[PDB]
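Single chain ahead, written as structure tokens, the form deposited in one PDB entry.
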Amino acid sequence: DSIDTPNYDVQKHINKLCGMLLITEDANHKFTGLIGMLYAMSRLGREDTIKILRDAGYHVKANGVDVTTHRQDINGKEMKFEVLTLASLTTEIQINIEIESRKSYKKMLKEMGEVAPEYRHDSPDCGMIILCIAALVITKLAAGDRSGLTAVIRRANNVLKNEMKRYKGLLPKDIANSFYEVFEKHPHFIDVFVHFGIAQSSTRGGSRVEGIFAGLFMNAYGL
């Protein structure tokens, strides 16, 4: 009955996984709530994550998260994939996210030639774009609402219009549903998210998305 506790070392990998979903046309966001939450934990670090859970009364069986190279056959030819050792997310699911993302990337090349940095799966702000949706869901959880989904989509289409222009897979309805699902199924993620947001919103300036997140997070307490 383990909880994966990713450390700072797999932060870049989790951001890239977020970015792979963000470039996927009609992406399956079933795992985005979990992946976003894994990104938040990698930003907090393993030590602070275990501290948060233990202090909150949750008894945690910590699973170490490392990057492994998994060799698997796709269309007759053997391919190498970098995956995370996660008890909550199978090797198969991770590899299929990379496969679907690579199909959307080839379609992009065919449409516009080589892709600008801000349109790629490895843009440094992908994890934070996902956590912006989490910040909107947390507000609706706070306000007492349950059928707050309609307002999440509507607020998201306004606040994240530049990012939605950059990413075909930024689908607020599906992503909000995935976070609602993870916060109700795993309430310990609410404590992790709140500690992440308090710590993030301390870091002054930086990136446009980091600023959008800090603003969205600050709102959950009256703004």
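Residue positions are given as counts along the sequence shown, with the first one as 1. In this text, the rigid core denotes the largest set of C-alpha atoms whose superposition between the two forms falls within 1.5 Å.
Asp145 coordinate gap across at least a third of other entries: Counting only entries that model residues on both sides, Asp145 is unresolved in at least a third of them.
Checking the other PDB entries that cover both flanking residues: does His121 lack coordinates in at least a third? Counting only entries that model residues on both sides, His121 is resolved in every one of them.
Select between 161 to 169 and 28 to 36 the stretch whose C-alpha atoms have the higher average B-factor in the entry. Mean CA B-factor is higher for 161 to 169.
Tell me which stretch has the larger mean Cα B-factor in this entry, 54 to 62 or 181 to 189. In the deposited entry, the stretch with the higher C-alpha B-factor mean is 54 to 62.
Residue with maximal Cα B-factor (values as given in the PDB entry) among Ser88, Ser101, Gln72, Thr91: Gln72 has the highest C-alpha B-factor of those listed.
So where's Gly127 on the chain's Cα temperature factor ranking, which third? According to the entry, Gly127 has a C-alpha B-factor in the chain's lowest third.
Among the modelled residues of its chain, does the C-alpha B-factor of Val115 lie in the lowest, middle or highest third? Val115: CA B-factor falls in the lowest third of its chain.
CA B-factor placement of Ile198, once the chain's modelled residues are sorted into thirds: It falls in the top third of the chain.
Going by what the PDB entry lists, where does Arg46 fall on CA B-factor within its chain: lowest, middle or highest third? As the PDB entry reports it, the C-alpha B-factor of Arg46 lands in the middle third of its chain.
Chain-wide C-alpha B factor ranking for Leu84, given as lowest, middle or highest third: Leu84: CA B-factor falls in the lowest third of its chain.
There is another form of this protein, the form deposited in another entry, and it is not shown here; the text below is about that form.
Which of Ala116, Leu109, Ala87, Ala143 has its C-alpha displaced by 2 Å or more between the shown form and the other one after core superposition? By this measure, the answer is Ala143.
Threshold 2 Å Cα movement between the shown form and the other one for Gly215, core superposed: The answer is no; the displacement is under 2 Å.
Flagged pair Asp145/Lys185: C-alpha distance shifts by 3 angstroms or more in the other form. Which direction, closer or farther? Residues converge in the other form, at least 3 Å closer.
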